[PDB]
Protein chains: 2
Amino acid sequence: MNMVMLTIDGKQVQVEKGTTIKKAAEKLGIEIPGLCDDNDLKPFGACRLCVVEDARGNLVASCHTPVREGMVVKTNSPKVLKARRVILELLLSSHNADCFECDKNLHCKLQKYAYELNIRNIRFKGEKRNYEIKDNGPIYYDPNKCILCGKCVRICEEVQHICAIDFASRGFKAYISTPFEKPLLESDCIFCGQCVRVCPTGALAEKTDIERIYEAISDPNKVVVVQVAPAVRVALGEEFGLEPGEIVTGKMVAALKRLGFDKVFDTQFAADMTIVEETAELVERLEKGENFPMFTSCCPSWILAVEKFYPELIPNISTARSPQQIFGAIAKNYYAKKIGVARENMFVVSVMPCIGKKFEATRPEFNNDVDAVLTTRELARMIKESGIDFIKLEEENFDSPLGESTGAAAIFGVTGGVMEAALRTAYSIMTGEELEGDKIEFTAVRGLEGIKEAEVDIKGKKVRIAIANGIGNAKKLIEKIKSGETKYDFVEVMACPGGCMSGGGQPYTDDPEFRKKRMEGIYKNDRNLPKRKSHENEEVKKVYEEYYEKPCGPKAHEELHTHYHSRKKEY
Amino acid sequence: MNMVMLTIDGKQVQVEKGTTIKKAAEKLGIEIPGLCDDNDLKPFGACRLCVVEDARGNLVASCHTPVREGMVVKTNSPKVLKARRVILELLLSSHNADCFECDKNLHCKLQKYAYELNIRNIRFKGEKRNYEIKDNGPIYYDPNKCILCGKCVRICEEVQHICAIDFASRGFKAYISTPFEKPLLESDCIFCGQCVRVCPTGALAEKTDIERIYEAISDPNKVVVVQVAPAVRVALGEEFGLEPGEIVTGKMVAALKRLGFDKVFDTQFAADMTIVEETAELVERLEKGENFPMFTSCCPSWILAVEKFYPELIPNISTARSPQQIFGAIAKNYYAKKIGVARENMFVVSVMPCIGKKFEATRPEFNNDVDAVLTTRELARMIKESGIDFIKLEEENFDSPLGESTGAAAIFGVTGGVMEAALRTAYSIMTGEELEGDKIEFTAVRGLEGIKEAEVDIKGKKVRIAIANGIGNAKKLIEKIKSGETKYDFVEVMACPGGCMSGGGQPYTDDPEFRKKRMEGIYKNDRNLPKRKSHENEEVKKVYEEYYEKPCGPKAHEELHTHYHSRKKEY
Ligand code: SF4
Ligand code: SF4
Ligand code: SF4
Ligand code: SF4
Ligand code: SF4
Ligand code: SF4
Ligand code: SF4
Ligand code: SF4
Ligand code: FES
Ligand code: FES
């Protein structure tokens, strides 16, 4: 091993060779500001705001200069501060200053740096950016506030391997867009929502359906039922000053009950129903031994990717609905006749951490089962708007008769958790017995690796299980499968890297290790529940024996399944 | 005690009769927004943003509504939210939106309420407020961001009884002004800074001089000494997310060392200098028995209030300088000859929590001993500017030979702690012995009462002592003295209510009970020290025996004394 000695602010530093000055100065109790840098991306050097001076007398960037042995650098010299002040004055000279009306208010990094570097009087006044905004679906793009940091194109090209947007024009009028300024829906985008999560300004944000929620609640002839996702309860607490990984289920239930919503349920019931349907389909397919491999259809971004780029995989993907639409069908068809409320007077609201769900809700194939879709940020805005203090609430429980949950549906917010639930139910449906002890947990499908392969043995029969997180890794698996190197049986894809815990709806964070904390939170949540199996739930059995009488029945085929059509129109 | 039964948002409430419907709902884990209300002021009802809905169906204000038996109210009805949204749109329609240049950025309450209530598109665009910025000294007034809440007028009317500013004009063009738009120096202001502390916008701020500090640092031939106030050690941590009242001495010393300052010192040394000099003066005045009562000179605002309103008490004021100017004279007179530097080439910077110090630094009669002054908020902004992480610093001590101190000089940030620091020294100098055990602490001069009185018996000799915090209580006690009811010996006055811990330079807080926490922090800091007596300090005695040889000497009269001249201009 090779170690490197250097001096920073007159202090001796030992660092491993090859790390940058920004990374090497983390343990020294100092932080260099920068806008174009992220922990998941390569250095770009477009902000030029992270400059520090070496011994010679010139300023160099600190995010892409490797540490060489025997240099002295300074961080609080007056020249560096002057350069940073002038650079932020230049940035702020052409920014439309409607900070009252910005969705990214109180979380914008540019605003924090404008406060932090003591800017009080901008001498450069003149031409401002003046473009026209247009709708794009669930993604609201305002090119008046862009600073051309390049994070969105880098996260859409280097990680996602999709290349949906890129730079355009030259000079002062350069701007990031699609080909020929077309809307994102008919472009090559798949609505993963990663570009929204990394934008340091308010250029990229979410279309809001807040007014429709308030008009629906204000109407005295409409009954409102609201569902929450499994992955919201672990990261909702970041807005209110708590560390990530805290379980706030009861507090959020109390907040939802006090917000005016008539009924509060959870997706975990529909999640268990989806698991039952998927494992029935898997058992049937394995008995016939046809259409290998079989893909899961629980991620709207994945199904958009299949419909847009790979139309040949349409026969091989499952026909099961998303859990959101499953709960919508249950609420509009079975619960409504039980309570005695007309279908035209029922409102269903969902809280999900994804952005693909916002587009998925308005697909004409689903007959408008879900009316409006929220995100975690919108729910956190409701709580502050209504004045509810989140810290000192009293925890309550979910309503009846479909609020009770199991431990199999509590790990959908982690990559491969659907696979653990599928193996948990498949072991019981094949072997006939129930796993007890450490055999309940499948540790072979846990972690944060890009590709997760497993050879699962059930009563002497071995099956192949493949998990891919990230669209690029899914493309790699597609290339390997079409190459015919090996054959799998049951393959999961989630477009967001790391699972739904890192979707576009989750609150913004600065810690570089939020994924590990959220995984620990979800797993500790799952370990704190008496029931760990999907089929052991009673209410799912009551719903089946009350209305459908059989999984994968003709009524279930009518309501619990859908068909996909290829969107890859030829040129 | 008579209790009242009611319901608020469907929850039963038990509260005493007489509380409003906003202050009696804070203990239900719910809080309704408001801008015109503060815990130290009578309700005024100018925001009209704290409205709720009663049973009848008309919107009623909450900050001035007494509660009676039998009301049902709701604070989350759609009508109330719509009214609040429209009212905030009306406010932000006429606000100059340069939130990058605003000194109150990331702490403005209007910004936070614009974020909370989900404002996205201002429909009412029209004529804005267009006034002209004028200079006033240490108070920077910008009547373009004023929302006419009236907090400054009420706090200069109800508490201070100074009557410096008042409303002017009518209609849309009304504003806050002095008579005839004269500068605040020539008006009846006394520069207490309370109006700065309560302003919920960026209208009233500080004239910030970080720039001059920066070319002072960048000059290679100038040597910089920075001094810190006793009341800063208990309030800086609130700027970094800590609980108020945490002792952060070592952390702020490390931060000041890393900021480029050549030498760092505490002003407790000069404070003990002032204590021993004032004790000598008090012993002298007791021996002659003339010019009673005698007033302290530790507060510049008190001196201004005397020079403007009560010019007949000038012969009765102590001639001792403030500790800041005494430390400046020591640094520019004794320390400079010891190190071997020219007097013009020494730069003295102070970090004090008061606002009147900014004006006091530039008096022509002090011969420009100090060059620039700061407050705690600017110190925190500099710390965050250089990138220093305050949480993970290492404790380090002061410099030499003016770094160490005693416990008598650490309680200046409390109403009463100055005379409590002088009674021990007077006891020691007149009796000849030193207090032991719990007799060091005097429990009769601690608390938060408006006027504190005590009769202290020392060796059979009784002295009458009085404390007045707040200029209103000072005026009351001056009226009592001029009435001739009782005779005093030694009177302390601090202009800000609650002592120097509630100055204008301290960080903004929303907790209603910050004064108790700050007092507890100060007392814990005092009790965590080995030496508790000003006389037992070593370097004070060394300085006298090397340069003065006697307190109240001709050299001390030349350098540690000043004279006051009346400012009451005849009309
Ligand atoms: S949503 Fe995903 S695919 Fe679409 S532009 Fe953003 S990063 Fe690229
Ligand atoms: S759109 Fe957002 S992420 Fe992309 S360059 Fe502009 S500011 Fe950066
Ligand atoms: S992007 Fe940031 S600085 Fe720009 S308007 Fe929005 S909040 Fe203000
Ligand atoms: S992984 Fe989850 S958050 Fe990401 S696109 Fe798929 S469903 Fe949405
Ligand atoms: S007072 Fe508040 S809202 Fe107005 S410009 Fe300053 S920070 Fe923005
Ligand atoms: S500084 Fe004090 S006296 Fe002067 S206007 Fe403000 S509150 Fe009134
Ligand atoms: S100057 Fe500040 S405190 Fe005074 S009325 Fe205007 S906004 Fe209110
Ligand atoms: S009491 Fe302290 S903070 Fe207030 S004006 Fe006097 S010296 Fe300044
Ligand atoms: S973000 Fe580091 S050089 Fe631009
Ligand atoms: S601000 Fe409370 S009633 Fe006006």
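Residues numbered from 1 in each chain as written, not as in the entry; some residues may be left out. Chains lettered and ligands numbered in written order. Part of a larger assembly, values for the part shown. Heavy atoms only, no water.

- In terms of determination method and resolution, the entry is listed under cryo-EM at 3.49 Å.

- Looking at the PDB entry, one finds chain A named Electron bifurcating hydrogenase subunit HydA1 and attributed to Thermoanaerobacter kivui.
- According to its PDB record, this entry is titled "Cryo-EM structure of the electron bifurcating Fe-Fe hydrogenase HydABC complex from Thermoanaerobacter kivui in the oxidised state".
- Database annotation for chain A, UniProt heading Subcellular location (unreviewed entry): "Membrane". (UniProt positions renumbered as here; feature names shortened; annotations may be inferred.)

1. Observations regarding the overall build of chain A
Then comes step 1: Within chain A, the secondary structure is distributed over 17 helices and 17 strands.
Then comes step 2: Taken against the 2.2 N^0.38 rule, which gives 25 Å for 571 residues, the C-alpha radius of gyration of chain A at 26 Å falls within 12% of a compact globule.
Then comes step 3: By its C-alpha atoms, chain A is 80 × 60 × 55 Å across when sized along the principal axes.
Then comes step 4: By the burial criterion, 58% of the 571 residues in chain A qualify as buried.
Then comes step 5: In chain A, the proportion of contacts linking residues at least 24 apart, taken out of those at least 6 apart, comes to 72%.
Then comes step 6: Put simply, chain A shows about 24900 Å² of open surface, and 52% of that area lies on carbon and sulfur atoms.
Then comes step 7: Within chain A, one finds 82 positive and 86 negative side-chain charges whose respective centroids are separated by 6 Å. (Helix = DSSP H or I, 4+ residues; strand = E, 2+ residues; numbered from the N terminus. Rg over C-alpha atoms; globule rule 2.2 N^0.38 Å. Buried < 20%, exposed > 50% of the residue type's maximum accessible area, 1.4 Å probe, protein only. Contact = heavy atoms within 4.5 Å. Areas by Shrake-Rupley, 256 points an atom, 1.4 Å probe, with all protein chains shown as cover. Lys, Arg positive; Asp, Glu negative; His and termini not counted. Charge placed at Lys NZ, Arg CZ, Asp CG, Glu CD.)

2. Considerations on the interface of chain A and chain B
Then comes step 1: Listed as interface residues are 50 residues of chain A and, on the opposing side, 46 residues of chain B.
Then comes step 2: On the chain A side of the contact with chain B, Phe100(A), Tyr115(A) and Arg120(A) bury the most area, a combined 19% of that side's loss.
Then comes step 3: Our count for the contact surface shared by chain A and chain B stands at 5 salt bridges.
Then comes step 4: A salt bridge links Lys82(B) to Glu215(A); the nearest nitrogen and oxygen atoms lie 3.2 Å apart.
Then comes step 5: Inspection of the region where chain A meets chain B yields 10 residue pairs in polar contact.
Then comes step 6: Every element with two or more residues in the side of chain A that touches chain B is listed here: α2 (78-92), α3 (109-116), α6 (210-218) and α12 (376-386) of chain A.
Then comes step 7: In the side of chain A that touches chain B, the residues fall into 17 nonpolar, 13 polar and 20 charged. (Buried area = accessible area lost by both parts, 1.4 Å probe. Salt bridge = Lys/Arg side-chain N within 4 Å of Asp/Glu carboxyl O. Polar contact = N/O pair within 3.5 Å; in protein donor to acceptor, adjacent residues only side chain to side chain. Nonpolar A, V, L, I, M, F, W, Y, C, P; charged D, E, K, R; others polar.)

3. Description of the site of ligand 5
Then comes step 1: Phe100(A), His95(B), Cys99(B), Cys102(B), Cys108(B), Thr201(B) and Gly202(B) make up every residue found near ligand 5.
Then comes step 2: In this structure, ligand 5 is bordered by residues of chains A and B.
Then comes step 3: Of the residues assigned to the shell around ligand 5, the class counts are 4 nonpolar, 3 polar and no charged. (Near = heavy atom within 4 Å.)

4. Side note on the UniProt feature "binding site: [4Fe-4S] cluster 3" (unreviewed entry) in chain A
Residues and elements named next belong to chain A.
Then comes step 1: The feature "binding site: [4Fe-4S] cluster 3" (unreviewed entry), as annotated in UniProt, sits at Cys156, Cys189, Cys192 and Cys195 in this numbering. Sequence-wise these annotated residues cover 40 residues; spatially they are packed, their C-alpha atoms never more than 10.9 Å apart.
Then comes step 2: Along the chain, the position of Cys192 falls in the loop between β8 (175-177) and α5 (194-198).
Then comes step 3: A relative accessible area of 10% places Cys192 in the buried class.
Then comes step 4: Ignoring sequence-local partners within four residues, the contact set of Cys192 consists of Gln160, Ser301, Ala495 and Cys496.
Then comes step 5: Looking at the element boundaries, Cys195 is found in helix α5.
Then comes step 6: Overall, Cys195 belongs to the buried group, its relative accessible area being 16%.
Then comes step 7: The contacts of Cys195, once residues within four sequence positions are left out, are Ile139, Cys152, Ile155 and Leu204.

5. Let's talk about the pairing of strand β10 (residues 223-228) of chain B
All names here are of chain B.
Then comes step 1: The buried fraction of β10 is high, at 5 of 6 residues.
Then comes step 2: Taken together, the 6 bridges between β10 and strand β13 (residues 346-351) define a ladder with parallel strand orientation. What sits directly across from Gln227, in β13, is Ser350.
Then comes step 3: Note: β10 against strand β11 (residues 263-266), 4 bridges, orientation parallel. Paired with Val225 across the two strands is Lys263, which belongs to β11. (Pairing = 2+ DSSP bridges.)

6. Some details on the site of ligand 6
Then comes step 1: Inspection of the region around ligand 6 gives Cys156(B), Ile162(B), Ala164(B), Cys189(B), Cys192(B), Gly193(B) and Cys195(B) as its neighbouring residues.
Then comes step 2: Each residue belonging to the shell around ligand 6 can be placed in one class, and the counts come to 6 nonpolar, 1 polar and no charged.

7. Topic: the sheet that holds strand β17 (residues 490-494) of chain B
Residues and elements named next belong to chain B.
Then comes step 1: Sheet architecture is open: 4 strands sit in the order β12-β17-β16-β15, paired in mixed fashion. With partners counted over all chains shown, the strands left at the sheet margins are β12 (294-295) and β15 (451-458), one partner each.
Then comes step 2: Here 5 bridges tie strand β16 (residues 461-469) to β17, and the two strands are oriented parallel to one another. Across the sheet, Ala468 pairs through a bridge with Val493, a residue of β17.
Then comes step 3: Sheet strands touched by helix α13 (residues 471-483): β12, β15, β16 and β17. Its angle to β16, the strand with the most contacts, is close to 140°. (Axes fitted to C-alpha atoms, helices over the stretch in contact; angles between N-to-C directions.)

8. A look at the relation of the copies chain A and chain B
Then comes step 1: At an RMSD of 0.3 Å, chain A and chain B line up after a rotation of 180° and a shift of 0.1 Å along the axis. Such a combination of rotation and displacement between the chain copies is what one expects of a two-fold axis.
Then comes step 2: A share of 86% of the interface residues of chain A reappears at the interface of chain B, consistent with the copies meeting face to face through the same patch. (Least-squares fit on C-alpha atoms.)

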